[PDB]
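K.L.:
This one is an experimental structure. Sequence first:
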Amino acid sequence: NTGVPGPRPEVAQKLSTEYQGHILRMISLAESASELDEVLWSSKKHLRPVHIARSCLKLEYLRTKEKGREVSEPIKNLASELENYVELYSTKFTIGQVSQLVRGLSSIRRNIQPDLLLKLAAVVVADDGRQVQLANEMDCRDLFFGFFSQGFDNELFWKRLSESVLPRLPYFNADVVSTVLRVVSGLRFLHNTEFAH
RNA sequence: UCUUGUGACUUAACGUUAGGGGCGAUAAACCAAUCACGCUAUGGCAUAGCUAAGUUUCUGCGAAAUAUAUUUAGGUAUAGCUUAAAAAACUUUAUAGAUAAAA
Ligand SMILES: [Mg+2]
Ligand SMILES: [Mg+2]
Ligand SMILES: [Mg+2]
C-alpha cells in the first residue's frame, strides 16, 4: 500500500492486509480436495470474493492429478458449496475475478445456473465495456474460453466483448489469439465478420 | 571485732494522729514478715486482638501463608484458593495463471 499520487488510483487505492494473505496461503497449501474442504470450513465467516475466485481455480489444479478417473465426489461437493458464495457475491466481483470463476467451474465440467450467468455477464454489458479495459491479456483469454465452454449464447454479450477487444488483437500473444480464433469458429454469428478477419 | 555509753539518751504502762490520708533530723522511709498507695467486703464471673486447655468411633471431600485497605503490621474485612469427548470458536500472520470438451 502506498499513498503516492499516480495515474491509476483504481489499482492503487486497494487495501491489502496480512490476514487476507494468510487465508490465500492456506488454500494454495492444500494438497487434496479433502484438505481444501477443511480449510474452507474453518474460514467460513472470513471468505471474500477474492478467496472464492481463487478456490475455483484450486479445484482445477487438484483434479489434474486425477487424469484417469472422473470427477471425485468431494470435488463435486466443493463446487456446490462454492456456488452458494457466488450467488451471494454476484454483484461484488471484478472482471478479473469473474474471468477465473468461469474457468474454474468449467474445468470441472459443471454448469452454472442461467440466472447466475446472466448476472455475471453484466461486468461486460454494463458501463459500455469500460471494465473490459481493466482486464489484462490473461483475463481476456479465460473470458472467451470460459463463457464459451458454459454454453452461454448472448449476442449482446459477444458483440460488446468483440468490439472492446478488437483494438488489442494485434498486440496479444500468439496463443491468446489462437484461443479467440477457436471460439469464433464455434459461434455462427461471428463467421465472415470484421472481427474474424 | 568494733561504735556510743548524763544525753538531741534508753526503758515500762496507757493514750493521740488512718489510706483522696497519716507520720517523716528525706532513705520514697515507716503505717501488723517489705507500701511510688494498707487490710477486708462489695461493684464483679472487671477487661485481656496475649499464653495454656478443649473428653467416643467409622466413611467421603479437601486449602492457604498472595493482592488491597486499616491507630494497621503476631488483629480484621473484601478478593484469591479449596467445595459446589456439551455448545460456540478457527490464532503466532503475505499470493497465483496448471483447463482445450468442435469437421
Ligand atoms: Mg531516689
Ligand atoms: Mg483426596
Ligand atoms: Mg485513620
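P.N.:
Yes, it's here. Numbers count the residues shown, from 1 in each chain, chains lettered A, B, ... in the order given. Ligands and ions are numbered 1, 2, ... in the order given.
K.L.:
my guess is residue A:142 contacts residue A:97, does it?
P.N.:
No - judged on CB atoms under 8 Å, residue A:142 makes no contact with residue A:97 at a distance of 10.9 Å. Every C-beta, even on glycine, is put in place using the N, C-alpha and C of the backbone.
K.L.:
more crowded one of those two?
P.N.:
residue A:142 (23 against 19; other CB atoms under 10 Å).
K.L.:
and the host helix or strand of the more buried one, does that touch RNA strand B?
P.N.:
Element membership for residue A:142 (DSSP states H and E) is helix A:137-149. Yes - Helix A:137-149 lies within reach of RNA strand B by CB under 7 Å from any atom of the strand, at A:138-139, A:141-142, A:145, A:149.
K.L.:
Check which helices and strands that helix is in contact with.
P.N.:
If contacts are counted by 3 or more CB pairs under 8 Å, 6 or more residues apart in numbering; DSSP states H and E, helix A:137-149 sits against helix A:95-107, helix A:155-165, helix A:174-186.
K.L.:
Comparing those, which comes out most buried?
P.N.:
helix A:95-107 (a mean of 22; mean count of other CB atoms under 10 Å).
K.L.:
Give me the phi and psi for residue A:61.
P.N.:
The phi/psi pair for residue A:61 (degrees, to the nearest 10) reads phi -70, psi -40.
K.L.:
I should have written residue A:5 there, sorry.
P.N.:
phi -60, psi 150.
K.L.:
on that earlier part again, in PyMOL, how would I select the buried members of the residues of helix A:137-149 next to RNA strand B?
P.N.:
To isolate the buried ones among the residues of helix A:137-149 next to RNA strand B in PyMOL, judged by 16 or more other CB atoms under 10 Å, type:
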select buried, chain A and resi 139+141+142+145+149
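K.L.:
if we can go back for a sec, what's in contact with the helix holding residue A:142?
P.N.:
The contact list for helix A:137-149 (CB atoms under 8 Å, 6 or more residues apart in numbering) reads A:95-96, A:98-103, A:106, A:117, A:121, A:124, A:132, A:135, A:157, A:161, A:165, A:168, A:172-173, A:175-176, A:179-180, A:182-183, A:186-187.
K.L.:
go on, stretch A:164-179?
P.N.:
Contacts of stretch A:164-179 (CB under 8 Å, 6+ apart): A:124, A:129, A:132-133, A:137, A:140-141, A:144-145, A:180, A:194-195.
K.L.:
so which strand or helix has the residue in chain A that RNA strand B sits nearest to?
P.N.:
In chain A, the residue that lies nearest RNA strand B is residue A:21 (2.7 Å; CB to the nearest atom of the strand). Using DSSP H and E, residue A:21 sits within helix A:18-29.
K.L.:
other SSEs contacting the longest helix seen in chain A?
P.N.:
Using DSSP state H to define each element, chain A has its longest helix at helix A:73-88. Helices and strands touching helix A:73-88, by 3+ CB pairs under 8 Å, 6+ apart, are helix A:33-42, helix A:49-62, helix A:95-107, helix A:114-120.
K.L.:
Give me the distance from the first one to the chain's centre.
P.N.:
Taking CA atoms, centre = their mean, to the nearest Å, one finds the center of helix A:33-42 at 21 Å from the center of the full chain.
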